[PDB]
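Here you get one chain, nothing else, as structure tokens; it is the form deposited in one PDB entry.
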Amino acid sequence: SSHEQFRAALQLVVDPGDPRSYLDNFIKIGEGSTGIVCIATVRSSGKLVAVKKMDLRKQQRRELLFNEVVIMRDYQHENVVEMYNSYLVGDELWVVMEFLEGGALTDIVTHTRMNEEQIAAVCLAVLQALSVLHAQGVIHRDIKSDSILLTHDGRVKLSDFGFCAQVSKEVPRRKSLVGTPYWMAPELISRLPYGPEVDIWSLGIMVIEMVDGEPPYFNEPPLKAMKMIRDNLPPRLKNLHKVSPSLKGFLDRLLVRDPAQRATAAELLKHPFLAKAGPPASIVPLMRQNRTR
């Protein structure tokens, strides 16, 4: 059947063999929409790595499994989690990656208020990554706080590229409904032709996460949230009167319904709000203590 075809094709783009020849003591530490995240130990090194496992049979869009392993192969950027190897183990794709020991931004957002120096530092890191990716024609398509990982010393890296897409001169736009509902851009929900700008909208929703503690419409059923994103004015900060005019002006350039008028990552790197961006040391306290909103 087509599963055997897809499996054979995937085997052609991953590394050969079974990584159980060198990885020990798998422990599940998390999960997302396509599979689970484990930690494992290198038998020779004592080195810790992260291993994502994705069952080919459980994917709504299995062809998307190719994209990450291929597009992000050998990708080296200071704000992108490094991928080391990938394997086909039975009916599962395993991707071996660098282990980020500060956890995900989501755990920060649910447990502590962030100040604007810290929000700006996160935005700056993500935009440095997106500026390079977008210039290369890569759309991430799952920007949200759970896709953002931290080191213990406060460095910020983008992960979870499993929904990513490649655009080009010949095919400059995608139309697939891909992402996580509450973060999806309205043109993407509408299945209109879209480009890298969808990531900028999603980043705007993540700024609302950092300020408010959750995205708009978060306890709404996801299909209803998507209709409200598609049809209503851009969502507002609950804590609108608590943020600076600079932060609001920045957000106003991200949450723009018309994708042609939404700011690009390269434009946003010039925005004065990002002059507030603190160094990694400013992020460290957020992983060690809690402060209520």
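Only the largest set of C-alpha atoms that superpose within 1.5 Å between the two forms is called the rigid core. Quick note: we count residues from 1 along the sequence shown, nothing fancier.
Look at the C-alpha B-factors of 66 to 74 and of 258 to 266. On average they run higher in 66 to 74. The mean Cα B-factor in the deposited entry runs higher for 40 to 48 than for the other of 40 to 48 and 239 to 247. Out of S147, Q128, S168, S202, the entry records its largest CA B-factor for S168. For the set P181, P196, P186, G90, the PDB entry assigns the largest Cα B-factor to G90. Ranked against the other modelled residues of its chain, the C-alpha B-factor of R141 as given in the entry falls in the lowest third. Looking at the C-alpha B-factors along this chain, the one for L223 belongs to the highest third. When the modelled residues of the chain are ordered by C-alpha B-factor, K28 sits in the highest third. Per-chain ranking of the deposited C-alpha B factor places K157 in the lowest third. In the deposited entry, the Cα temperature factor of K53 places it in the lowest third of its chain's modelled residues.
Beyond what is shown, the protein has a form solved in complex with a partner chain; the following relates to that form.
Between 138 to 146, 81 to 89, 123 to 131, 95 to 103, the stretch whose residues reach within 4.5 angstroms of its partner chain in the deposited bound form through a non-hydrogen atom is 138 to 146. Only one of the listed residues (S244, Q261, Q60, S45) places a non-hydrogen atom within 4.5 angstroms of its partner chain in the deposited bound form, and that residue is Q60. Just one of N232, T41, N239, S33 comes within 4.5 Å of its partner chain in the deposited bound form, counting any heavy atom, and that one is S33. Though the partner is left out of this view, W201 does not reach within 4.5 Å of its partner chain in the deposited bound form, counting heavy atoms only. Interface membership of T112, defined by any non-hydrogen atom within 4.5 Å of its partner chain in the deposited bound form, is ruled out. Contact check for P221: a heavy atom falls within 4.5 Å of its partner chain in the deposited bound form. With a 4.5 Å cutoff on heavy atoms, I108 does not count as touching its partner chain in the deposited bound form; it lies far away.
Core-superposed comparison between the shown form and the other one: the C-alpha position of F218 differs by less than 2 Å. After superposing the rigid core, the C-alpha of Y84 moves by less than 2 Å between the shown form and the other one.
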